[PDB]
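Asker: Quick one: the structure is below, questions incoming.
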Amino acid sequence: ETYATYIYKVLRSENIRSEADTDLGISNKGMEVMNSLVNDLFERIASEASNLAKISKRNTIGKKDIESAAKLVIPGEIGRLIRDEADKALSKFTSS
Amino acid sequence: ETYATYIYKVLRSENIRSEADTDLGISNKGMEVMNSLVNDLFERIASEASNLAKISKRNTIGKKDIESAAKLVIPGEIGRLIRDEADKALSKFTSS
Amino acid sequence: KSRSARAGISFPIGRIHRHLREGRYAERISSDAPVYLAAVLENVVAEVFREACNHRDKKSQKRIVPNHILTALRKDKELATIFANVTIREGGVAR
Amino acid sequence: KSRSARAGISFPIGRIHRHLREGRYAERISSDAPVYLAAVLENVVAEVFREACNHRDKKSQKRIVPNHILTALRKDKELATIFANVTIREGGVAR
Amino acid sequence: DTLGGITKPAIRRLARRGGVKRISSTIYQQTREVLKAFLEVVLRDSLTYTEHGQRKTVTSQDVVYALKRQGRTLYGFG
Amino acid sequence: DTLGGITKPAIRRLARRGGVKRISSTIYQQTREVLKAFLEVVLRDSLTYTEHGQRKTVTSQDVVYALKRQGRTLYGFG
Amino acid sequence: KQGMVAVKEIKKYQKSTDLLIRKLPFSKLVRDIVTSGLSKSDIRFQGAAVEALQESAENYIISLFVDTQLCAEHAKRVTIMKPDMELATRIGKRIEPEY
Amino acid sequence: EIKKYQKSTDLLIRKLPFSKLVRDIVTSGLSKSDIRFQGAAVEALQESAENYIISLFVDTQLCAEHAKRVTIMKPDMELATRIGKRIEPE
DNA sequence: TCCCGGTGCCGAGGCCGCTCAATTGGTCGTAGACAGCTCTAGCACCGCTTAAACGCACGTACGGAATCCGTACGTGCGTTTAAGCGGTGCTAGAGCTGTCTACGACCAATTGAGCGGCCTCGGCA
DNA sequence: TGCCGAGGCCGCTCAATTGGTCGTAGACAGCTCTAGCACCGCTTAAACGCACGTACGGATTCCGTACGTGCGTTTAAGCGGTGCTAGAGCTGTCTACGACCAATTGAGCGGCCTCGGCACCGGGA
């Protein structure tokens, strides 16, 4: 139960405009590292969403909670960029 | 929802062994600090017990989990003493 | 009669059990879990008070104010590792 | 037309939703939330890959290995803040 | 006119309690812009914990949580 | 003796990657001792995460959980 | 005389527990940073929130000065200097300033 | 050499003696006999230990440079262990 | 400067009574303990094959001690400032209750993307 | 130069998806009234700035030795080997235990009062 294929997909999608001399495949160990990074960041964001739910005293972690958790876990300029592209994805998903 | 009265009780009980034998009241600010200490340590032990349950893949946090969490949060000699006196309390409670 | 009193503890097994259940720490909380957790918390508070008293007897202040607690936490080696990242309101500094 | 395809994401909306449930991060999980979380995770991965390439294009090795991820994590201040405490396996040290 | 609030004798007092004896002149500006960076981080996380609760009055619970976000837990507020 | 197994050149390697030039002959022993203290903390927490699993082998995930417990999250072991 | 009141100062400020930074200037800094740096506006600070901010920030600066005096005393010096604070900020993984 | 070791990623503390170290520490200070170490576990533990000591030496060289010195010495490591929150020895 | 006798303030501490949370017994259901089986992986001794550690010689470059000068930083004083108070006056909004409803859990059915298993060929040793 | 691992195909399968109900979590609206803000003058202590001079940082030399480097010799780390099995892990039964419930009730909270410790103060030593 690993995010191997999905990380491959995001790598390919980002690379369709990155250095296109070749598809910059990720080495197995690098795949393990990225998989563990996704798991660690997902646990961090989900744990912050849990704490934010318990704070606001709600049984559900809505979009508000994952957004505040992404603003806590992933701060700074990259945090705004990632949450903005996440809102883009969410708007695209809900309008369908 | 504070552990004020209980901290009073334990303070009085610990005075008994101590040669000081003073009522040894705790100042309001000190009372708040001890209360927040109990809440922080309870959150730490219960969170570690949750993580230990999720690790061992069990839906219940038994005595095993709270003991391992107390062995993680509170390590060392004071940790062994506290887990031992806690096992004393639990044995006394269960034999009734 | 009451679970806290029966166990020989001073801490509320009932309140701790309620906090465990409503804190969503797990779906179930085995009946032994709150009694043991109450005992552990009770003994930690007893240990902190003991250290505050031993470091206090020189200062001989009858009460226990946050500075004494900060001294107890910052002096004992094990307690220092337990509460390394613990600031305390009106904590002062541990000499 | 799964949810991953619908949202423009490549990350598994379903798998993230399942993990969010079985992890018991909360009682309920509004099915609008896993979409956002998967998007944030995909964007983070894309950003880390983007900065690995950004800092490595000089080498032109045409492959990402844990050292590349280490330098990407520990060069730019935002990622350095996110993953300050991380220690990549077989990573090495940032150039 | 913001860090000036953290006046030179304030850093003097802070550092005397900390333990130092003689304080250079650059230390004042450097500790002002270290305290300001610490407050930037803590207040970013605290404003997040507030704006999430759909509030605008930053509570001391929000501050305690924003600090606990950086491992520094406060005892004596909640 | 076992601790002395961390050979002096191995410590010189560790420190050269850390960017040192000349290593006073007392740094060897102090590094051995801080590494032993680190491993005592991490191995106590790893043995606790193991003993809780009712098993007698400390697995990679036990060590990773111990390190997460003390602060250093490891990436790339599970 | 150049160090006669330094010991009195250190003892007086280590025996007490008050808040060192004056409360209104620190509160002014907190409101200024919330509006200037963050750009968020019309945010109201609960009194206890400014109090916990001030207590934690001054305790962080006090620990920074402990670590700075350690750095100085290690450099066989007596006067903490900007290199001393920069080391106590880089070694202990504190929040480095912007620039 | 600083370059060869800095850029590579190959382990630094020899695997077998460090394995003996971790096994002895668990079997002596912790005193839990009959403890069996998964190979991955000792590998991860060694990776973390060498990474932590490498960061300790980074901070030691920082403190040395700060003392207008070129040779790191025991006071420098004590400072880089005290200023950081690293685990002080026993 | 210490070390202590009065003084007035206030917070620990005690008593009450209302309340809500703790406790008890009974059903009922199911989580986990416990055993039984399967074989992965750890472990252990062994013997080569090195490559790393080691121990010493050497000598040089660096730590540290010792001195010297300049200036920067502490101390003190008079002047200026604004922190703090506290007291009032204003309203935003935090928060608590109640309502109503959109949404998620759950089940039943469906369906296809993802897993390992297997292959191959070009990047690399 | 060939060899194997990143990447691609294959077929099962299990997890994702959808459709519908029900109830319930929660978004909202309305009301309360706490408390944060603002503001002003006054007190006054705290900050500021400047004068002054001591002492500290740092700049410099210089000697001792504690470093790195460079050999050869010794070693134990690594690896491949098989063999040995504790024990991890997966399953399948069940029962000891926890959730849930209503009813019982008494521990715990706030409200109110008090008096002894202590901040203060002034004295004395």
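Ordering of the structure tokens sets the chain letters (A, B, ...); residue numbers start at 1 within each chain; ligands are numbered from 1 in the order shown.
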Output as a Markdown table one row per residue of chain A within 8 Å of chain F: the closest atom pair and its distance in Å to one decimal place, counting only C-alpha atoms, sorted by chain and residue number ascending.

Answerer:
| residue | atom | partner | partner_atom | distance |
| --- | --- | --- | --- | --- |
| A:29 | CA | F:76 | CA | 7.3 |
| A:32 | CA | F:76 | CA | 4.9 |
| A:33 | CA | F:76 | CA | 4.4 |
| A:34 | CA | F:76 | CA | 7.7 |
| A:35 | CA | F:76 | CA | 7.5 |
| A:36 | CA | F:75 | CA | 5.3 |
| A:37 | CA | F:75 | CA | 6.4 |

Asker: Please list as a PyMOL selection string every residue within 10 Å of residue 12 (chain C), counting only C-alpha atoms (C1' of nucleotides) and excluding residues in the same chain fewer than 2 positions away.

Answerer: (chain B and resi 3+5-6) or (chain C and resi 2-5+9-10+14-18+34-35+37-39+42) or (chain I and resi 22) or (chain J and resi 107)

Asker: Could you write those residues out with N, CA and C atoms (P, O5', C5', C4', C3', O3' and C1' of nucleotides), as a short mmCIF file (atom, residue, chain, number, x, y, z; two decimals), in the first residue's frame?

Answerer:
data_model
loop_
_atom_site.label_atom_id
_atom_site.label_comp_id
_atom_site.auth_asym_id
_atom_site.auth_seq_id
_atom_site.Cartn_x
_atom_site.Cartn_y
_atom_site.Cartn_z
N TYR B 3 -7.99 19.32 36.90
CA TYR B 3 -7.56 18.40 37.95
C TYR B 3 -7.07 19.16 39.17
N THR B 5 -8.81 19.69 42.32
CA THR B 5 -9.05 18.99 43.58
C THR B 5 -8.16 17.77 43.70
N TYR B 6 -7.94 17.06 42.60
CA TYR B 6 -7.13 15.86 42.66
C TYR B 6 -5.67 16.18 42.94
N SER C 2 -16.20 4.33 44.71
CA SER C 2 -15.76 4.98 43.48
C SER C 2 -14.45 4.37 43.00
N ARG C 3 -14.30 4.32 41.68
CA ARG C 3 -13.13 3.67 41.08
C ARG C 3 -11.84 4.32 41.54
N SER C 4 -11.82 5.65 41.62
CA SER C 4 -10.62 6.35 42.05
C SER C 4 -10.24 5.96 43.47
N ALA C 5 -11.20 6.00 44.39
CA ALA C 5 -10.91 5.66 45.78
C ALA C 5 -10.52 4.20 45.92
N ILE C 9 -5.90 5.55 44.58
CA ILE C 9 -5.36 6.68 43.84
C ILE C 9 -6.06 7.94 44.31
N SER C 10 -5.51 9.09 43.95
CA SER C 10 -6.15 10.36 44.23
C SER C 10 -6.80 10.99 43.01
N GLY C 14 -12.85 8.18 36.81
CA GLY C 14 -14.02 8.47 36.00
C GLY C 14 -13.76 9.58 34.99
N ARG C 15 -13.19 10.69 35.46
CA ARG C 15 -12.90 11.80 34.55
C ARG C 15 -11.87 11.41 33.51
N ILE C 16 -10.84 10.68 33.91
CA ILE C 16 -9.83 10.24 32.95
C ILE C 16 -10.45 9.31 31.92
N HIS C 17 -11.33 8.41 32.35
CA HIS C 17 -11.98 7.52 31.39
C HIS C 17 -12.83 8.32 30.42
N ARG C 18 -13.55 9.33 30.92
CA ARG C 18 -14.38 10.15 30.05
C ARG C 18 -13.52 10.91 29.05
N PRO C 34 -8.00 3.36 32.08
CA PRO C 34 -8.11 4.58 32.88
C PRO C 34 -7.52 4.45 34.26
N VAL C 35 -7.69 3.32 34.94
CA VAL C 35 -7.11 3.20 36.27
C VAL C 35 -5.59 3.30 36.21
N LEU C 37 -3.77 4.72 33.81
CA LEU C 37 -3.40 6.07 33.42
C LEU C 37 -3.55 7.04 34.57
N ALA C 38 -4.60 6.88 35.37
CA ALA C 38 -4.77 7.72 36.54
C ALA C 38 -3.63 7.51 37.52
N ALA C 39 -3.24 6.26 37.74
CA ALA C 39 -2.13 6.00 38.64
C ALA C 39 -0.84 6.62 38.12
N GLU C 42 -1.05 10.36 38.60
CA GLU C 42 -0.95 10.66 40.02
C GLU C 42 0.49 10.56 40.50
P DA I 22 -17.48 11.45 34.71
"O5'" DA I 22 -17.62 10.38 35.88
"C5'" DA I 22 -17.22 10.72 37.19
"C4'" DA I 22 -17.73 9.67 38.14
"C3'" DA I 22 -17.44 8.25 37.71
"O3'" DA I 22 -17.06 7.51 38.81
"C1'" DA I 22 -19.77 8.56 37.93
P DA J 107 -18.95 10.71 47.50
"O5'" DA J 107 -17.84 11.24 46.49
"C5'" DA J 107 -17.60 10.51 45.30
"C4'" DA J 107 -17.30 11.43 44.13
"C3'" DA J 107 -16.22 12.47 44.36
"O3'" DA J 107 -15.59 12.70 43.14
"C1'" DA J 107 -18.30 13.56 44.03
#

Asker: Using only C-alpha atoms, I'd like a table of the residues in chain D that come within 10 Å of chain G; for each, show the closest atom pair and its distance in Å rounded to one decimal, ordered by chain and ascending number, as a Markdown table.

Answerer:
| residue | atom | partner | partner_atom | distance |
| --- | --- | --- | --- | --- |
| D:81 | CA | G:95 | CA | 9.2 |
| D:84 | CA | G:93 | CA | 9.1 |
| D:85 | CA | G:93 | CA | 9.8 |

Asker: Save the residues we just selected, C-alpha atoms, as a PDB file, in the first residue's frame?

Answerer:
ATOM      1  CA  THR D  81      11.181  24.594   7.462  1.00  0.00           C
ATOM      2  CA  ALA D  84      13.870  20.374   9.101  1.00  0.00           C
ATOM      3  CA  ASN D  85      13.937  17.231  11.233  1.00  0.00           C
TER       4      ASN D  85
END

Asker: Skipping near chain neighbours, those fewer than 5 positions away, what residues fall within 10 Å of residue 25 (chain J) using only C-alpha atoms (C1' of nucleotides), listed as a VMD selection string?

Answerer: (chain A and resid 58 to 60) or (chain D and resid 28) or (chain I and resid 103 to 104)

Asker: I need the chain I residues near chain H as number ranges by chain; criterion: at most 9 Å, counting only C-alpha atoms (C1' of nucleotides).

Answerer: I: 41-43, 62-63

Asker: Could you turn the residues from that selection into a file that holds N, CA and C atoms (P, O5', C5', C4', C3', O3' and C1' of nucleotides), as a PDB file, in the first residue's frame?

Answerer:
ATOM      1  P    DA I  41      11.713 -12.089   4.465  1.00  0.00           P
ATOM      2  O5'  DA I  41      12.772 -12.099   5.647  1.00  0.00           O
ATOM      3  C5'  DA I  41      12.419 -11.516   6.878  1.00  0.00           C
ATOM      4  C4'  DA I  41      13.337 -11.981   7.982  1.00  0.00           C
ATOM      5  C3'  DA I  41      14.779 -11.508   7.838  1.00  0.00           C
ATOM      6  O3'  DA I  41      15.241 -11.067   9.076  1.00  0.00           O
ATOM      7  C1'  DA I  41      14.732 -13.816   8.167  1.00  0.00           C
ATOM      8  P    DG I  42      16.549 -10.154   9.166  1.00  0.00           P
ATOM      9  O5'  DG I  42      16.675  -9.862  10.721  1.00  0.00           O
ATOM     10  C5'  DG I  42      15.873 -10.587  11.630  1.00  0.00           C
ATOM     11  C4'  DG I  42      16.703 -11.573  12.420  1.00  0.00           C
ATOM     12  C3'  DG I  42      18.178 -11.209  12.573  1.00  0.00           C
ATOM     13  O3'  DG I  42      18.558 -11.380  13.933  1.00  0.00           O
ATOM     14  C1'  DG I  42      17.965 -13.398  11.770  1.00  0.00           C
ATOM     15  P    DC I  43      20.014 -10.959  14.455  1.00  0.00           P
ATOM     16  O5'  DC I  43      20.365 -12.061  15.545  1.00  0.00           O
ATOM     17  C5'  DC I  43      19.711 -13.301  15.510  1.00  0.00           C
ATOM     18  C4'  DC I  43      20.694 -14.417  15.266  1.00  0.00           C
ATOM     19  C3'  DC I  43      22.169 -14.034  15.369  1.00  0.00           C
ATOM     20  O3'  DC I  43      22.770 -14.857  16.327  1.00  0.00           O
ATOM     21  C1'  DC I  43      21.755 -15.395  13.495  1.00  0.00           C
ATOM     22  P    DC I  62      46.966  25.797  10.402  1.00  0.00           P
ATOM     23  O5'  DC I  62      46.058  25.641  11.684  1.00  0.00           O
ATOM     24  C5'  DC I  62      46.041  24.401  12.324  1.00  0.00           C
ATOM     25  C4'  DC I  62      46.405  24.537  13.782  1.00  0.00           C
ATOM     26  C3'  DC I  62      45.736  25.695  14.510  1.00  0.00           C
ATOM     27  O3'  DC I  62      44.841  25.154  15.444  1.00  0.00           O
ATOM     28  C1'  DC I  62      48.010  25.432  15.136  1.00  0.00           C
ATOM     29  P    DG I  63      43.726  26.062  16.136  1.00  0.00           P
ATOM     30  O5'  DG I  63      44.024  25.921  17.694  1.00  0.00           O
ATOM     31  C5'  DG I  63      43.977  24.639  18.310  1.00  0.00           C
ATOM     32  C4'  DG I  63      44.580  24.695  19.700  1.00  0.00           C
ATOM     33  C3'  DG I  63      43.931  25.677  20.646  1.00  0.00           C
ATOM     34  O3'  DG I  63      43.884  25.106  21.936  1.00  0.00           O
ATOM     35  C1'  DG I  63      46.209  26.251  20.340  1.00  0.00           C
TER      36       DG I  63
END

Asker: How would chain E read as a CSV table (one decimal) with N, CA and C atoms, in the first residue's frame once least-squares superposed on chain F using all paired C-alpha atoms?

Answerer:
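Output file superposed_25.csv is given in full below:
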chain,number,residue,atom,x,y,z
E,1,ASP,N,35.0,-2.3,25.1
E,1,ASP,CA,35.2,-2.9,23.8
E,1,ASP,C,33.9,-2.8,23.0
E,2,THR,N,33.1,-1.8,23.4
E,2,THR,CA,31.8,-1.6,22.6
E,2,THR,C,32.0,-0.4,21.7
E,3,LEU,N,32.3,0.8,22.3
E,3,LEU,CA,32.5,2.0,21.5
E,3,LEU,C,33.7,1.9,20.6
E,4,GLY,N,34.7,1.1,21.0
E,4,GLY,CA,35.8,0.9,20.2
E,4,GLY,C,35.5,0.5,18.8
E,5,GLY,N,34.3,-0.1,18.6
E,5,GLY,CA,33.8,-0.4,17.3
E,5,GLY,C,33.6,0.9,16.5
E,6,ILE,N,33.2,2.0,17.1
E,6,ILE,CA,33.2,3.2,16.4
E,6,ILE,C,34.6,3.7,16.4
E,7,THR,N,35.4,3.3,15.4
E,7,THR,CA,36.8,3.5,15.5
E,7,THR,C,37.2,4.9,15.2
E,8,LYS,N,38.4,5.2,15.5
E,8,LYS,CA,38.9,6.6,15.3
E,8,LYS,C,38.8,7.1,13.8
E,9,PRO,N,39.2,6.3,12.8
E,9,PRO,CA,38.9,6.8,11.5
E,9,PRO,C,37.4,6.8,11.1
E,10,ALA,N,36.5,6.1,11.9
E,10,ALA,CA,35.1,6.2,11.6
E,10,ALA,C,34.6,7.6,12.1
E,11,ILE,N,35.0,8.1,13.2
E,11,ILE,CA,34.7,9.4,13.6
E,11,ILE,C,35.4,10.4,12.7
E,12,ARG,N,36.6,10.1,12.2
E,12,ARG,CA,37.2,11.0,11.2
E,12,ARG,C,36.4,11.1,10.0
E,13,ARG,N,35.9,10.0,9.5
E,13,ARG,CA,35.1,10.1,8.2
E,13,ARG,C,33.8,10.8,8.5
E,14,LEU,N,33.1,10.4,9.6
E,14,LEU,CA,31.8,11.1,10.0
E,14,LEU,C,32.0,12.6,10.0
E,15,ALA,N,33.1,13.0,10.7
E,15,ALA,CA,33.2,14.5,10.8
E,15,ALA,C,33.7,15.1,9.6
E,16,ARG,N,34.4,14.4,8.7
E,16,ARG,CA,34.8,15.0,7.4
E,16,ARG,C,33.6,15.2,6.6
E,17,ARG,N,32.7,14.3,6.5
E,17,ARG,CA,31.4,14.5,5.9
E,17,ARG,C,30.6,15.6,6.5
E,18,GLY,N,30.7,15.7,7.9
E,18,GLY,CA,30.1,16.8,8.6
E,18,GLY,C,30.7,18.1,8.2
E,19,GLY,N,32.0,18.2,8.1
E,19,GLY,CA,32.6,19.4,7.6
E,19,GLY,C,33.9,19.9,8.3
E,20,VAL,N,34.3,19.2,9.3
E,20,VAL,CA,35.4,19.6,10.1
E,20,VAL,C,36.7,19.4,9.4
E,21,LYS,N,37.8,20.0,9.8
E,21,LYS,CA,39.1,19.9,9.2
E,21,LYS,C,40.1,19.1,10.1
E,22,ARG,N,40.3,19.6,11.3
E,22,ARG,CA,41.2,18.9,12.2
E,22,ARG,C,40.5,18.6,13.5
E,23,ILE,N,40.6,17.3,13.9
E,23,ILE,CA,39.9,16.8,15.1
E,23,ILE,C,40.8,16.6,16.2
E,24,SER,N,40.5,17.1,17.4
E,24,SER,CA,41.3,16.9,18.6
E,24,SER,C,41.2,15.4,19.0
E,25,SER,N,42.0,15.1,20.1
E,25,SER,CA,42.0,13.8,20.6
E,25,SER,C,40.8,13.5,21.6
E,26,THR,N,40.4,14.5,22.3
E,26,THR,CA,39.2,14.3,23.2
E,26,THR,C,38.0,14.1,22.4
E,27,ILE,N,37.9,14.6,21.2
E,27,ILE,CA,36.7,14.6,20.4
E,27,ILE,C,36.3,13.1,20.1
E,28,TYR,N,37.3,12.2,19.9
E,28,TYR,CA,36.9,10.9,19.7
E,28,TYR,C,36.1,10.3,20.8
E,29,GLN,N,36.6,10.4,22.0
E,29,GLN,CA,35.9,9.8,23.2
E,29,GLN,C,34.6,10.5,23.4
E,30,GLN,N,34.6,11.8,23.2
E,30,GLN,CA,33.3,12.6,23.5
E,30,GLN,C,32.3,12.2,22.5
E,31,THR,N,32.6,12.1,21.2
E,31,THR,CA,31.6,11.7,20.2
E,31,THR,C,31.2,10.2,20.4
E,32,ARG,N,32.1,9.4,20.9
E,32,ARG,CA,31.7,8.0,21.1
E,32,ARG,C,30.7,8.0,22.2
E,33,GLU,N,30.9,8.8,23.3
E,33,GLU,CA,29.9,8.7,24.4
E,33,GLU,C,28.8,9.7,24.2
E,34,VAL,N,28.7,10.4,23.1
E,34,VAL,CA,27.5,11.1,22.6
E,34,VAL,C,26.7,10.2,21.7
E,35,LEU,N,27.3,9.5,20.8
E,35,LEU,CA,26.6,8.5,20.0
E,35,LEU,C,26.0,7.4,20.9
E,36,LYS,N,26.8,7.0,22.0
E,36,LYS,CA,26.2,6.0,22.9
E,36,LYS,C,25.0,6.5,23.6
E,37,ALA,N,25.0,7.8,24.0
E,37,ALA,CA,23.8,8.3,24.7
E,37,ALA,C,22.6,8.4,23.7
E,38,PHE,N,22.9,8.9,22.5
E,38,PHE,CA,21.8,8.9,21.5
E,38,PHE,C,21.2,7.5,21.3
E,39,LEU,N,22.1,6.5,21.2
E,39,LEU,CA,21.6,5.2,21.0
E,39,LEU,C,21.0,4.6,22.2
E,40,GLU,N,21.4,5.0,23.4
E,40,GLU,CA,20.7,4.6,24.6
E,40,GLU,C,19.3,5.1,24.6
E,41,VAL,N,19.1,6.4,24.2
E,41,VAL,CA,17.7,6.9,24.2
E,41,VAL,C,16.9,6.2,23.1
E,42,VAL,N,17.4,6.2,21.9
E,42,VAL,CA,16.7,5.7,20.8
E,42,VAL,C,16.4,4.2,20.9
E,43,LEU,N,17.3,3.5,21.5
E,43,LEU,CA,17.1,2.0,21.7
E,43,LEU,C,16.2,1.8,22.9
E,44,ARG,N,16.2,2.6,23.9
E,44,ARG,CA,15.2,2.5,24.9
E,44,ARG,C,13.8,2.6,24.3
E,45,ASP,N,13.6,3.7,23.5
E,45,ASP,CA,12.2,3.8,22.9
E,45,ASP,C,11.9,2.8,21.9
E,46,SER,N,12.9,2.3,21.2
E,46,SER,CA,12.7,1.2,20.2
E,46,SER,C,12.4,-0.1,20.9
E,47,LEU,N,13.1,-0.4,22.0
E,47,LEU,CA,12.8,-1.7,22.7
E,47,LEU,C,11.4,-1.6,23.3
E,48,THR,N,11.0,-0.4,23.7
E,48,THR,CA,9.6,-0.2,24.2
E,48,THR,C,8.6,-0.5,23.1
E,49,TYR,N,8.8,0.1,21.9
E,49,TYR,CA,7.9,-0.1,20.8
E,49,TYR,C,7.9,-1.6,20.3
E,50,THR,N,9.0,-2.3,20.6
E,50,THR,CA,9.0,-3.7,20.3
E,50,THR,C,8.3,-4.6,21.4
E,51,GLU,N,8.8,-4.5,22.6
E,51,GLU,CA,8.2,-5.3,23.7
E,51,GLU,C,6.7,-5.0,23.8
E,52,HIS,N,6.2,-3.9,23.3
E,52,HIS,CA,4.8,-3.7,23.3
E,52,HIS,C,4.1,-4.6,22.3
E,53,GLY,N,4.7,-4.7,21.1
E,53,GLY,CA,4.1,-5.5,20.1
E,53,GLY,C,4.2,-7.0,20.4
E,54,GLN,N,4.6,-7.3,21.6
E,54,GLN,CA,4.9,-8.7,22.0
E,54,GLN,C,5.8,-9.4,21.0
E,55,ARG,N,7.0,-8.8,20.8
E,55,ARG,CA,8.0,-9.3,19.9
E,55,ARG,C,9.3,-9.4,20.6
E,56,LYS,N,10.3,-9.9,19.9
E,56,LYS,CA,11.7,-9.7,20.3
E,56,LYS,C,12.6,-9.3,19.2
E,57,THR,N,12.2,-9.3,17.9
E,57,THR,CA,12.9,-8.9,16.8
E,57,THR,C,12.6,-7.4,16.6
E,58,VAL,N,13.5,-6.5,17.0
E,58,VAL,CA,13.3,-5.1,16.8
E,58,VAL,C,13.2,-4.8,15.3
E,59,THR,N,12.1,-4.4,14.8
E,59,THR,CA,11.9,-4.1,13.4
E,59,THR,C,12.4,-2.7,13.1
E,60,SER,N,12.6,-2.4,11.8
E,60,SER,CA,13.0,-1.1,11.4
E,60,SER,C,11.8,-0.1,11.6
E,61,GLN,N,10.6,-0.7,11.6
E,61,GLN,CA,9.4,0.2,12.0
E,61,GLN,C,9.5,0.6,13.4
E,62,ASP,N,10.0,-0.3,14.3
E,62,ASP,CA,10.1,0.1,15.7
E,62,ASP,C,11.2,1.2,15.8
E,63,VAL,N,12.2,1.2,15.0
E,63,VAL,CA,13.3,2.2,15.1
E,63,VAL,C,12.7,3.5,14.5
E,64,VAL,N,12.0,3.5,13.4
E,64,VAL,CA,11.4,4.7,12.8
E,64,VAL,C,10.5,5.3,13.8
E,65,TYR,N,9.7,4.5,14.5
E,65,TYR,CA,8.8,5.1,15.5
E,65,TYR,C,9.5,5.6,16.7
E,66,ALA,N,10.6,4.9,17.2
E,66,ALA,CA,11.3,5.4,18.3
E,66,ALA,C,12.0,6.7,18.0
E,67,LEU,N,12.5,6.9,16.8
E,67,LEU,CA,13.1,8.1,16.4
E,67,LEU,C,12.0,9.2,16.3
E,68,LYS,N,10.9,9.0,15.5
E,68,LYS,CA,9.8,9.9,15.5
E,68,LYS,C,9.4,10.3,16.9
E,69,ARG,N,9.6,9.5,17.9
E,69,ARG,CA,9.4,9.9,19.3
E,69,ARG,C,10.3,11.1,19.7
E,70,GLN,N,11.4,11.2,19.1
E,70,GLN,CA,12.3,12.3,19.4
E,70,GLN,C,12.3,13.4,18.2
E,71,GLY,N,11.2,13.4,17.5
E,71,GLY,CA,11.1,14.4,16.4
E,71,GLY,C,11.9,14.1,15.2
E,72,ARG,N,13.0,13.3,15.3
E,72,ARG,CA,13.8,12.9,14.2
E,72,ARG,C,13.1,11.8,13.4
E,73,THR,N,12.5,12.2,12.3
E,73,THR,CA,11.7,11.2,11.5
E,73,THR,C,12.6,10.7,10.4
E,74,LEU,N,12.5,9.4,10.1
E,74,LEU,CA,13.3,8.8,9.1
E,74,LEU,C,12.4,8.6,7.9
E,75,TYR,N,13.0,8.9,6.7
E,75,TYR,CA,12.3,8.7,5.4
E,75,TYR,C,13.0,7.6,4.7
E,76,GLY,N,12.3,6.6,4.3
E,76,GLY,CA,12.9,5.5,3.5
E,76,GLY,C,12.9,4.1,4.2
E,77,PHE,N,12.0,3.9,5.1
E,77,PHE,CA,11.8,2.6,5.7
E,77,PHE,C,10.4,2.1,5.9
E,78,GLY,N,9.4,3.0,5.9
E,78,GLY,CA,8.0,2.7,6.1
E,78,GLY,C,7.2,3.9,6.5

Asker: For chain B, report every residue with an atom at most 10 Å from chain D (counting only C-alpha atoms), formatted as a list in words.

Answerer: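 Every residue meeting the condition is included here: residues 50, 51, 54 and 59 of chain B.
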
Asker: Skip region 72-86 of chain B itself and residues of its chain fewer than 3 positions away, then list as a ChimeraX atom specification all residues within 6 Å of it, counting only C-alpha atoms (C1' of nucleotides).

Answerer: /B:69,89 /C:36,39-40,43

Asker: Write to file, as a PDB file, in the first residue's frame, the residues of the selection just made, with N, CA and C atoms.

Answerer:
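And here is the file that came out, part_13.pdb:
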ATOM      1  N   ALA B  69       2.999   3.518  26.754  1.00  0.00           N
ATOM      2  CA  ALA B  69       3.033   4.958  26.561  1.00  0.00           C
ATOM      3  C   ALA B  69       3.658   5.662  27.753  1.00  0.00           C
ATOM      4  N   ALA B  89      -1.283   0.344  42.015  1.00  0.00           N
ATOM      5  CA  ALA B  89      -2.652   0.850  42.049  1.00  0.00           C
ATOM      6  C   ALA B  89      -3.590  -0.021  41.227  1.00  0.00           C
TER       7      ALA B  89
ATOM      8  N   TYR C  36      -4.969   2.616  35.261  1.00  0.00           N
ATOM      9  CA  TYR C  36      -3.520   2.687  35.146  1.00  0.00           C
ATOM     10  C   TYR C  36      -3.068   4.083  34.750  1.00  0.00           C
ATOM     11  N   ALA C  39      -3.240   6.260  37.736  1.00  0.00           N
ATOM     12  CA  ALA C  39      -2.129   5.997  38.639  1.00  0.00           C
ATOM     13  C   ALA C  39      -0.843   6.622  38.124  1.00  0.00           C
ATOM     14  N   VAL C  40      -0.591   6.517  36.820  1.00  0.00           N
ATOM     15  CA  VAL C  40       0.624   7.089  36.245  1.00  0.00           C
ATOM     16  C   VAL C  40       0.626   8.603  36.398  1.00  0.00           C
ATOM     17  N   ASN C  43       1.175   9.502  40.103  1.00  0.00           N
ATOM     18  CA  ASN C  43       2.557   9.355  40.520  1.00  0.00           C
ATOM     19  C   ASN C  43       3.448  10.416  39.894  1.00  0.00           C
TER      20      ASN C  43
END
